[PDB]
Amino acid sequence: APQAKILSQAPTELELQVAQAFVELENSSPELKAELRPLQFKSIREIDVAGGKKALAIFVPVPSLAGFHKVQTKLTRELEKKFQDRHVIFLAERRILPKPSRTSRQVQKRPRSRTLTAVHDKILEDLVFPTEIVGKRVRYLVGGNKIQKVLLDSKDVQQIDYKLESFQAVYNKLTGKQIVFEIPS
RNA sequence: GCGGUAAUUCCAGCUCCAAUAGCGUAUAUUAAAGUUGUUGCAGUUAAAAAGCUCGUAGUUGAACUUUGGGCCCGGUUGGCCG
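Okay, so the first sequence: first residue is 3 according to PDB author numbering, each after it adds one.
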């Protein structure tokens, strides 16, 4: 049973469909299976897109992100292909530890890898996964609101030019901040 | 500052001003005085930047690390519709 095997937890129908897709990809087999057998995800989050589609957020343990990062292209192509009406993307379950206060207090202090801002920055880096961000800008709007511009490279934006709003909605839903992307020319 | 022959200031007389049963004088002090400066001084030339540099105390010193209630308010994007 490489179905509930490859997550590493029982639920649920979405993740199981995904796992059986993984399995059907593994059955390719040779080059795909070779690096797709160790790569397991943990959970999935299906959420809205401003258009019609939904968006798959595939959560990961983050020692697997390397092999996941080697592929991403073929998993996003095949999963978007099979599970249509969707925008697929993988992400890493990064633990956020709370900020030390006088009430709450923790030994094994709190490295900056585990802080919130870093985790949020990395989430963006994985949403894009390709296309090394050229810049970030943050407008602070007079209505006390905040928006982040993320400046992308023109290379390989064709692969994700149809996912921007989904990424925006995702980051807004998880992190709570508004978002926009941009490519200089 | 007045005053050396016809003194608007001296000495008297007259007239008048202020304060008033209190007034003046002298000294010390106070704000005035941002003329001792934390607020708040100054330093080309008016008094004052060490001949210049290092340097201990001293003074000072880049940026960075997630939030419980509820109500109202209005923005700014998003869709859903145009």
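We put the beta carbon where it would ideally sit given N, CA and C, even for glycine.
Exercise. Since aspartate 50 sits in a beta bridge, which residues does DSSP pair it with?
Worked result: Along the first sequence, one-based indexing puts residue 50 at 48. According to DSSP, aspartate 50 bridges with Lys56.
Exercise. Just curious, the alpha helix (DSSP H) that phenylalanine 169 is in, first and last residue?
Worked result: Along the first sequence, one-based indexing puts residue 169 at 167. Unbroken alpha helix (DSSP H) run through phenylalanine 169: 166 to 177.
For this session: Apply the 10 Å Cβ neighbour rule to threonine 78 and answer buried if 16 or more other Cβ atoms are within range, or exposed otherwise.
Result: Start at 1 with the first residue of the first sequence, and residue 78 comes out as number 76. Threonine 78 is buried by the Cβ-count criterion.
Problem set entry | Beta-carbon proximity of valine 62 to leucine 93, cut-off 9 Å | Locating residue 62 in the first sequence gives position 60, where the first residue counts as 1. Locating residue 93 in the first sequence gives position 91, where the first residue counts as 1. Cβ distance < 9 Å, so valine 62 and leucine 93 count as in contact.
Problem set entry | Residues sharing a beta bridge with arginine 97, DSSP | Within the first sequence, numbered from 1, the residue matching residue 97 stands at position 95. Per DSSP, none; premise fails for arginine 97.
For this session: Starting from the N-terminal side, write out each stretch of the beta strand (DSSP E) that is 3 residues or longer and does not extend beyond the region 76 to 140.
Result: 88 to 92
Exercise. So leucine 154 and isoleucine 125 are in contact, right, with Cβ under 8 Å, and what is the actual spacing, rounded?
Worked result: Against the first sequence, residue 154 aligns to sequence position 152. Against the first sequence, residue 125 aligns to sequence position 123. With a Cβ gap of about 15 Å, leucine 154 and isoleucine 125 do not count as contacting.
Exercise. For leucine 118, is the classification buried or exposed, using 16 other Cβ atoms within 10 angstroms of its Cβ as the cut-off for buried?
Worked result: The count along the first sequence starts at 1 and reaches residue 118 at position 116. Exposed is the call here.
For this session: Would you check if there are 3 or more beta carbon pairs closer than 8 Å linking the region 81 to 90 to the region 137 to 149?
Result: no
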